[PDB]
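For reference, the structure discussed in these notes is given below.
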Amino acid sequence: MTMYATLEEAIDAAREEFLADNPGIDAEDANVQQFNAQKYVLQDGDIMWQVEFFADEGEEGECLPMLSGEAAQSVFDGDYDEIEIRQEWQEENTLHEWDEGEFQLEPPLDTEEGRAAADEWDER
């Protein structure tokens, strides 16, 4: 539940913020091969999402594991086709569209809405 600006944004921001804390951790020093992304928001979809990386391909990120290897590392570098990954981006960790109470769905929209302490829908 770390909302960024947009789908196109978070990928560039995640690589950027990481380097912002420690420059050179890309293929220069660490083998950061991973593509991790997750986003939880209510029905409106609020086009944003979270992106994460780790430095050993095959480890675990708290997101949707898509790419692993030098291609995911180039994602850390910033050399990636967002037009490719976004247009075939998987709704697996993308957000959920509720109903008007007509259908029963998972716990609250994100987690600040209680998390297993409420049943919030989107009636609109």
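Chain labels A, B, ... are given in the sequence in which chains occur in the structure tokens; within each chain residues are numbered consecutively from 1, and ligands are likewise numbered from 1 in the order shown.
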
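Looking only at chain A, the set that DSSP places in alpha helix (DSSP H) from backbone geometry is residues 7, 8, 9, 10, 11, 12, 13, 14, 15, 16, 17, 18, 19, 20, 21, 70, 71, 72, 73, 74, 75, 76, 77, 82, 83, 84, 85, 86 and 87 of chain A.
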
Contact residues around residue 69 of chain A with only C-alpha atoms at 7 Å, ignoring same-chain residues under 6 positions, as a PDB file with N, CA, C and O atoms, in the first residue's frame:
```
ATOM      1  N   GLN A  33      18.660  -8.595 -10.105  1.00  0.00           N
ATOM      2  CA  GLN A  33      17.707  -9.120 -11.058  1.00  0.00           C
ATOM      3  C   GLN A  33      16.450  -9.529 -10.319  1.00  0.00           C
ATOM      4  O   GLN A  33      16.445 -10.529  -9.601  1.00  0.00           O
ATOM      5  N   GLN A  34      15.390  -8.769 -10.517  1.00  0.00           N
ATOM      6  CA  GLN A  34      14.058  -9.163 -10.117  1.00  0.00           C
ATOM      7  C   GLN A  34      13.055  -8.158 -10.642  1.00  0.00           C
ATOM      8  O   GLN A  34      13.364  -6.976 -10.750  1.00  0.00           O
ATOM      9  N   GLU A  57      18.422 -13.338  -8.055  1.00  0.00           N
ATOM     10  CA  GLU A  57      17.279 -13.815  -8.822  1.00  0.00           C
ATOM     11  C   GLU A  57      16.764 -15.141  -8.266  1.00  0.00           C
ATOM     12  O   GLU A  57      17.502 -16.125  -8.178  1.00  0.00           O
TER      13      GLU A  57
END
```

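Residues with any atom within 8 Å of residue 14 of chain A, counting only C-alpha atoms and excluding same-chain neighbours fewer than 2 positions away, are residues 10, 11, 12, 16, 17, 18, 50, 51, 52 and 76 of chain A.
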
Exercise for the section: Give me every strand (DSSP E or B) residue in chain A, going by DSSP on the backbone, as a ChimeraX atom specification. Expected result: /A:36-38,50-52,64-65

Against segment 99-123 of chain A, which residues of segment 38-93 of chain A fall within 9 Å? For each one I want the closest pair of atoms and the distance in Å (one decimal), counting only C-alpha atoms, rows by chain and increasing residue number, as JSON lines.
```
{"residue": "A:39", "atom": "CA", "partner": "A:110", "partner_atom": "CA", "distance": 8.7}
{"residue": "A:40", "atom": "CA", "partner": "A:110", "partner_atom": "CA", "distance": 5.3}
{"residue": "A:41", "atom": "CA", "partner": "A:110", "partner_atom": "CA", "distance": 5.3}
{"residue": "A:42", "atom": "CA", "partner": "A:109", "partner_atom": "CA", "distance": 4.7}
{"residue": "A:43", "atom": "CA", "partner": "A:122", "partner_atom": "CA", "distance": 6.2}
{"residue": "A:44", "atom": "CA", "partner": "A:122", "partner_atom": "CA", "distance": 8.4}
```

What would the file look like if the residues just selected were written as a tab-separated table (two decimals), in the first residue's frame with N, CA, C and O atoms?
```tsv
chain	number	residue	atom	x	y	z
A	39	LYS	N	0.03	-3.81	-5.96
A	39	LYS	CA	-0.76	-2.61	-5.74
A	39	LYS	C	-2.15	-2.96	-5.23
A	39	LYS	O	-2.89	-3.70	-5.88
A	40	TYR	N	-2.52	-2.40	-4.10
A	40	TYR	CA	-3.83	-2.65	-3.54
A	40	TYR	C	-4.57	-1.35	-3.28
A	40	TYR	O	-4.19	-0.58	-2.40
A	41	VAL	N	-5.61	-1.12	-4.06
A	41	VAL	CA	-6.46	0.06	-3.93
A	41	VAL	C	-7.89	-0.32	-4.30
A	41	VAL	O	-8.12	-1.35	-4.95
A	42	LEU	N	-8.85	0.46	-3.83
A	42	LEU	CA	-10.27	0.22	-4.07
A	42	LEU	C	-10.66	0.34	-5.55
A	42	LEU	O	-9.82	0.62	-6.41
A	43	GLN	N	-11.96	0.14	-5.81
A	43	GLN	CA	-12.50	-0.07	-7.16
A	43	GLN	C	-12.08	0.98	-8.18
A	43	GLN	O	-12.01	0.69	-9.38
A	44	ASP	N	-11.76	2.18	-7.71
A	44	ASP	CA	-11.47	3.29	-8.62
A	44	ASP	C	-10.19	3.01	-9.38
A	44	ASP	O	-9.94	3.55	-10.46
```

Practice task
Go through A:62, A:9, A:77, A:46 and flag the residue nearest residue 27 of chain A, using only C-alpha atoms for the distances.
Solution key: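 Looking only at the distances to residue 27 of chain A, the closest residue turns out to be A:77.
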
Problem - Distance of atom CA of residue 53 of chain A from atom CA of residue 35 of chain A, expressed in Å to one decimal place - result: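 If I compute the distance from atom CA of residue 35 of chain A to atom CA of residue 53 of chain A, I get 6.0 Å.
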
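Distance-wise, atom CA of residue 75 of chain A and atom CA of residue 94 of chain A end up 19.0 Å apart.
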
Exercise for the section: Return the single residue from A:98, A:5, A:32, A:13 that is closest to residue 71 of chain A, with distances computed using only C-alpha atoms. Expected result: A:32

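Of the listed residues (A:59, A:19, A:66, A:24), A:66 comes nearest to residue 86 of chain A; the distances count only C-alpha atoms.
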
Problem - Selection: 8 Å around residue 31 of chain A, only C-alpha atoms, excl. self and same-chain fewer than 2 positions, as a VMD selection string - result: chain A and resid 25 to 29 33 55 to 56 73

Restrict the selected residues to C-alpha atoms and save them as an mmCIF file, in the first residue's frame.
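Result went into again_22.cif, see below:
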```cif
data_model
loop_
_atom_site.group_PDB
_atom_site.id
_atom_site.type_symbol
_atom_site.label_atom_id
_atom_site.label_comp_id
_atom_site.auth_asym_id
_atom_site.auth_seq_id
_atom_site.Cartn_x
_atom_site.Cartn_y
_atom_site.Cartn_z
ATOM 1 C CA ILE A 25 24.044 -1.070 -6.601
ATOM 2 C CA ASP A 26 22.818 -1.775 -10.138
ATOM 3 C CA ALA A 27 24.791 -4.223 -12.356
ATOM 4 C CA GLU A 28 27.798 -2.132 -11.333
ATOM 5 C CA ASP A 29 28.079 -3.731 -7.882
ATOM 6 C CA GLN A 33 17.707 -9.120 -11.058
ATOM 7 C CA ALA A 55 19.870 -8.804 -5.655
ATOM 8 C CA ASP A 56 19.597 -12.549 -6.103
ATOM 9 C CA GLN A 73 18.390 -5.969 -13.725
#
```
